Every structure is written in C-alpha cells, then in structure tokens.
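J.: Just dropping this structure here.
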Amino acid sequence: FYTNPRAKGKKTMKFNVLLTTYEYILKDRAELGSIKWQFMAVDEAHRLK
DNA sequence: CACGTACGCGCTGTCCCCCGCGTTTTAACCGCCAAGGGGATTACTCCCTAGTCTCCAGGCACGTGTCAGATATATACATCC
C-alpha cells in the first residue's frame, strides 16, 4: 500500500488501481475508508440498487 | 448390650472407550432479492351483554322422628352318651 511503510506520520500510497470486491468493502471499510481516493468504479451497479 | 456377619471400602488387573490431534468437508452466517400476509397502533362506530337494583322463593343446613336391614337373644325340635 505505502511507499514508506516503516514511517509513522503521513503515509502516501504506492499503488494506482485497487481491484476489490463487495465482501472486502464490507469487511475492511475501516482500512479502506481512510484513503483519499480519486476515483470509484463500481461494476454491476444493480447490486447497489 | 452382646454377638455375628454382610457389606462398604481399599487394592489390583484389564480392557475399552473416550480424548487429543490432524485432515477434510460443510453448513452457519452475513448479505441479498421478490412479493405478500400478520400484526401492532390510531381512530371511529355500534350493540350486546353484564353490572346494578328490587323482590321473592326454594335450596341448603340443622334438627328430629321413623324405618328397614343387620345383630343379638328366647324358646322349641332333633340328637349323642
């Protein structure tokens, strides 16, 4: 995730695109909600109906 | 209180079955429709039925006299020594 994982201040991201599923959005909303995302792309949005 | 003996308890063997562990499966759990019925409230209307009241009469309780079945004698006929 981070270019500097051994730091303790502000950690900037290393990856560009994160592919994930619904189950790990619900499971890891704490570890993923505290990320300033620039874009969301939700495939099969009828699940989000 | 005396006697005596049966059984509670301790010890030992033995075998068997339950526990611990590793591996594989599998269904509980969480998150989803898809519509529809059950049920909890809020408000309203209506009507049947149970409380209340008055009056009376017979059911229940008590007491007492009798009465038919069960029990205990009174006297007469049959019978043993």
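We label chains A, B, ... in the order they appear in the structure tokens, count residues from 1 in each chain, and number ligands from 1 in the order shown.
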For chain A against chain B, with a cut-off of 10 Å and counting only C-alpha atoms (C1' of nucleotides), what is the closest atom pair and its distance in Å to one decimal for every residue that makes the cut, ordered by chain and number, as a Markdown table?
T.:
```
| residue | atom | partner | partner_atom | distance |
| --- | --- | --- | --- | --- |
| A:22 | CA | B:31 | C1' | 9.8 |
| A:23 | CA | B:31 | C1' | 8.7 |
| A:26 | CA | B:31 | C1' | 9.5 |
| A:47 | CA | B:32 | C1' | 8.3 |
```
J.: Using only C-alpha atoms (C1' of nucleotides), which residues sit within 12 Å of range 4-18 of chain A once same-chain residues fewer than 4 positions away are excluded, as a PyMOL selection string?
T.: chain A and resi 24-25+32+34-42
J.: Please return as an NGL selection string: the residues of chain A that backbone DSSP assigns to alpha helix (DSSP H).
T.: :A and (22-27 or 29-33)
J.: How about saving the chosen residues, C-alpha atoms kept, as a compact mmCIF listing (two decimals), in the first residue's frame?
T.:
```txt
# COMPACT_ATOMS: atom_id res chain seq x y z
CA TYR A 22 -18.10 -6.16 -2.15
CA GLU A 23 -17.23 -8.61 0.64
CA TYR A 24 -13.93 -6.88 1.42
CA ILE A 25 -15.54 -3.45 1.14
CA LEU A 26 -17.85 -4.54 3.95
CA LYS A 27 -15.10 -6.43 5.80
CA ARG A 29 -14.29 -0.47 5.42
CA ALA A 30 -12.10 0.87 8.25
CA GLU A 31 -8.83 0.04 6.48
CA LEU A 32 -10.09 1.37 3.12
CA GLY A 33 -12.40 4.24 4.09
```
